[PDB]
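Enquirer:
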Amino acid sequence: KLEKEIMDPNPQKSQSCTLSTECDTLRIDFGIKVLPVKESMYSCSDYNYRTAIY
Amino acid sequence: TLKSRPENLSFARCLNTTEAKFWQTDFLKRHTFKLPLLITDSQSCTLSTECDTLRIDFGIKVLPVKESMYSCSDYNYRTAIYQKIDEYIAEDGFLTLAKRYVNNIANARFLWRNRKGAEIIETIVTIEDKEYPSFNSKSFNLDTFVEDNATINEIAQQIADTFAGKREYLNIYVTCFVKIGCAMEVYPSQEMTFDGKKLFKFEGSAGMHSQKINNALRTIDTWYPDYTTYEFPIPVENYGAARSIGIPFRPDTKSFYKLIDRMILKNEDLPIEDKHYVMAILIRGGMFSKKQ
Amino acid sequence: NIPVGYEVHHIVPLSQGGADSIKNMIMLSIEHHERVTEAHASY
Amino acid sequence: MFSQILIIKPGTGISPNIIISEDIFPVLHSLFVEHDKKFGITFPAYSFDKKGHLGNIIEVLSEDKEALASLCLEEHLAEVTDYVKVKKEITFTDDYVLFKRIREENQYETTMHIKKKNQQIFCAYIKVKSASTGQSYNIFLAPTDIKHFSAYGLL
Numbered sequence: 066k067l068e069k070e071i072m073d074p075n076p077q078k079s080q081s082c083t084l085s086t087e088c089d090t091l092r093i094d095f096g097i098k099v100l101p102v103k104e105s106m107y108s109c110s111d112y113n114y115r116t117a118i119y
Numbered sequence: 011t012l013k014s015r016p017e018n019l020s021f022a023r024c025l026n027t028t029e030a031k032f033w034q035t036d037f038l039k040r041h042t043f044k045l046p047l048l049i050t051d079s080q081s082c083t084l085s086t087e088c089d090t091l092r093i094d095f096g097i098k099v100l101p102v103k104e105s106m107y108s109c110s111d112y113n114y115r116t117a118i119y120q121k122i123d124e125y126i127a128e129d130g131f132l133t134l135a136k137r138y139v140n141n142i143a144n145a146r147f148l149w150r151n152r153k154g155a156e157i158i159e160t161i162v163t164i165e166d167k168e169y170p171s172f173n174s175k176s177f178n179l180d181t182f183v184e185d186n187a188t189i190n191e192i193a194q195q196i197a198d199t200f201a202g203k204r205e206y207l208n209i210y211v212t213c214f215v216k217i218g219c220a221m222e223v224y225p226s227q228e229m230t231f232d237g238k239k240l241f242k243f244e245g246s247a248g249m250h251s252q253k254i255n256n257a258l259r260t261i262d263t264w265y266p267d268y269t270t271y272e273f274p275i276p277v278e279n280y281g282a283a284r285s286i287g288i289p290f291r292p293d294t295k296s297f298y299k300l301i302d303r304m305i306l307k308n309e310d311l312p313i314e315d316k317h318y319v320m321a322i323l324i325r326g327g328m329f330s331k332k333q
Numbered sequence: 296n297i298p299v300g301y302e303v304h305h306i307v308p309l310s311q312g313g314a315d316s317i318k319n320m321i322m323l324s325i326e327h328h329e330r331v332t333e334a335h336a337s338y
Numbered sequence: 001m002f003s004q005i006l007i008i009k010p011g012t013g014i015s016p017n018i019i020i021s022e023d024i025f026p027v028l029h030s031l032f033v034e035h036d037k038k039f040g041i042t043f044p045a046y047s048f049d050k051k052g053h054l055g056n057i058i059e060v061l062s063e064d065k066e067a068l069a070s071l072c073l074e075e076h077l078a079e080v081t082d083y084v085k086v087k088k089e090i091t092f093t094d095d096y097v098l099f100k101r102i103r104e105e106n107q108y109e110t111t129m130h131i132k133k134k135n136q137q138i139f140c142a143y144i145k146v147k148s149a150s151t152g153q154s155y156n157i158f159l160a161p162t163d164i165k166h169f170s171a172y173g174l175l
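Protein chains in written order, with PDB author numbering: chain G, 66 to 119; chain H, 11 to 51, 79 to 232, 237 to 333; chain F, 296 to 338; chain M, 1 to 111, 129 to 140, 142 to 166, 169 to 175.
1. Determine, using beta carbons only, whether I158 of chain H and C82 of chain H come nearer to each other than 9 Å.
2. Closer than 7 Å between beta carbons: that is the criterion. Which residues of the region 84 to 101 of chain G meet it against chain H?
3. Report the option in H:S246, H:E165, H:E222 whose CA atom is closest to the CA atom of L207 of chain H.
4. Under a Cβ-count criterion, where at least 16 other Cβ atoms within 10 Å of its own Cβ denotes burial, should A145 of chain H be classed as buried or exposed?
5. If we count the other Cβ atoms within 10 Å of its Cβ and call it buried at 16 or more, is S30 of chain M buried or exposed?
6. How many angstroms separate the CA atom of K307 of chain H from the CA atom of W264 of chain H?
7. Which residues share a DSSP beta bridge with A282 of chain H?
8. For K216 of chain H, list the residues DSSP reports as bridge partners.
9. Is the CB of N178 of chain H under 9 Å away from at least one CB in chain M?
10. What are the residues that DSSP puts in a beta bridge with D262 of chain H?
11. Determine the direct distance from the alpha carbon of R330 of chain F to that of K66 of chain G, and round the result to whole angstroms.
12. Comparing the C-beta of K50 of chain M with each C-beta of chain F, is any distance below 9 Å?
13. When the Cβ atoms of the region 314 to 332 of chain F are set against those of the region 12 to 28 of chain M, are three or more pairs found closer than 8 Å?
14. Give me the subset of the region 8 to 24 of chain M whose CB atoms are less than 9 Å from a CB atom of chain H, sorted by chain position.
15. When the Cα atoms are used, what is the spatial distance from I161 of chain H to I254 of chain H?
16. In the DSSP assignment, the beta strand (DSSP E) including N26 of chain H goes from what residue to what residue?
17. Kindly list, in the order they appear in chain M, the residues whose Cβ is closer than 7 Å to that of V299 of chain F.
18. Which one or two residues does DSSP pair with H304 of chain F in a beta bridge?
19. For a cutoff of 9 Å on Cβ pairs, would you count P276 of chain H as touching chain G?
20. Below 8 Å, can you find three or more Cβ-Cβ pairs linking the region 192 to 211 of chain H to the region 91 to 107 of chain H?
21. Quick one: is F147 of chain H buried, meaning 16 or more other Cβ sit within 10 Å of its Cβ, or exposed?
22. If we count the other Cβ atoms within 10 Å of its Cβ and call it buried at 16 or more, is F2 of chain M buried or exposed?
23. Going along the chain, which residues of the region 142 to 153 of chain M sit with their C-beta nearer than 8 Å to a C-beta in chain H?
24. Counting beta carbon pairs with one atom in the region 16 to 26 of chain H and one in the region 318 to 328 of chain H, are three or more of them shorter than 8 Å?
25. Taking beta-carbon pairs under 8 Å, can you tell me which members of the region 283 to 298 of chain H lie near chain M?
26. Could you check what DSSP says for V319 of chain H in three-state terms: helix, strand or coil?
27. Looking at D23 of chain M and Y83 of chain M, is the spacing between their C-beta atoms short of 9 Å?
28. Under 8 Å Cβ to Cβ from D180 of chain H, same chain only, skipping five residues before and after it: list those, please.
29. Using a Cβ-Cβ distance under 9 Å, would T212 of chain H count as near chain M?
30. Can you find a C-beta in chain G that's less than 9 Å from the C-beta of residue 63 of chain H?
31. Which one or two residues does DSSP pair with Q34 of chain H in a beta bridge?
32. Comparing C-alpha positions only, which one of H:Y268, H:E156, H:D267, H:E228 sits nearest to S251 of chain H?
33. Of all the options H:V277, H:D267, H:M106, which has the alpha carbon lying nearest to the alpha carbon of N141 of chain H?
34. Report yes if the CB atom of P289 of chain H is closer than 9 Å to the CB atom of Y280 of chain H, and no otherwise.
35. So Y107 of chain H is in the beta strand (DSSP E); what residue range does that whole segment cover?
36. Using a cut-off of 9 Å between C-beta atoms, extract the partners of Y271 of chain H located in chain G.
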């Protein structure tokens, strides 16, 4: 397949992200919510296993 | 110890180029005066009457080559690449490739069809606060590589230290001035309409893609099997493909896919001529992975 | 000779039902033939 | 009847066709009205007929070994020294191919039958702007052997 493809170009759609000329920094804003570990068991089909984990 | 490449081998660029933005300038008043070069609707982009110069502003980000391998599914292959790169760091400190990249700044090949039709083209390269002395691009030819010029060697030594690992980042900012005259065309870069020649517009102005400028800096290959028959630098592609012609310079034996498999798998010392090409594919980036 | 710049076009396509007959052909220009074979591609 | 070596360098950014059609060929047009008797124009490697570039070396031959110095192409093409390199030699040249100006018919509106004949020429297409009125259109070429150029360099 290399014989008839090596001199065939490859148009590709893409996306990129660049800053502006007047700006030099990237600002990242994110938040974290911290929750208790014991209070974070959604489901357990055996109360003995819940007691053991606690 | 090894028998294949991994199923995920990707590399990241070590020479990151900004997009270009254009300007209109007057060469006598040039260090105090800069108007935009909006695109005029095909699309033509012709300078105004008063201005005569074309300010081409762009920057380069230089990153280490060792710390530039995103995916490597086998640690044996990672150790082999790291040892081979430690050998090139020993032999020559990425100085040959660095001098060649600074030469394609010096020759002003980042001006693709903007070079012809100008008496004077100067190119100032700034690193940090040190504005290095200006470059007479209309003294260098696009088929020769000067190794004696001193500003080129200084910029190449900093690029070499960064490419090795003796520095983390080298932000190089390069401005150029093109006296193509007045009421003449400037020919920016063309966008790939997938559905007329709509050209590039960066921040309400004109300019060139970073992909083109980085091809222009990558024309540093003079190691192909046929440097005597054809004597021109080719952009350093894997299956080496000068698209000025239709001649596959590295069609098989000296392709990257069948070169990286002989410096790591059937572990064989190679000449320094092809070694530059392997660690100049490792500066371009690409996913170089095998199926199975 | 087949006129240069013109291709025989099976008016009803030979994939979406059609006859290989003198009725089901018009010697349209290559530009308009490309338009019609792209229009029927997207249905 | 000798020839000079003008090479359009491979690579360089700009395509060879644009460099010839923008620098060399207007120089030839303005330097063959001085020549009276055109000197000659062979492009070695006109390649095949399905496709075909004019080439990468233009060899201007003449009907005299002294007239080549008269229209001194060297130092008139010193503004393309990074694109076109003029070697300084001349060797007796009948071992070339003459080139002709196949005309290519005109458009429909200019005044069906157009494209029947237009499909032959339109497949070298060196562009020319007019020193006269101004309308610009490529002139087309061919390999022909008639020996002893008239206007631009064609027969």
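Virtual Cβ for every residue (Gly too), placed ideally from N, Cα, C.
Expert: Inspection of the coordinates gives the following:
1. no
2. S85, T86
3. H:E165
4. buried
5. exposed
6. 22 Å
7. H:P289
8. Partner(s): none; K216 of chain H has no beta bridge.
9. yes
10. H:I275
11. 30 Å
12. no
13. no
14. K9, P10, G11, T12, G13, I14, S15, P16, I18, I19, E22, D23
15. 16 Å
16. 25 to 27
17. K132, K133, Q136
18. F:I321
19. no
20. yes
21. buried
22. buried
23. none
24. yes
25. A283, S285, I286
26. helix
27. yes
28. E272, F273, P274
29. no
30. This structure gives no coordinates for residue 63 of chain H. The numbering of chain H moves from 51 immediately to 79.
31. H:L45, H:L91
32. H:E228
33. H:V277
34. yes
35. 106 to 109
36. None at all; the shortest Cβ gap to chain G is about 15 Å.
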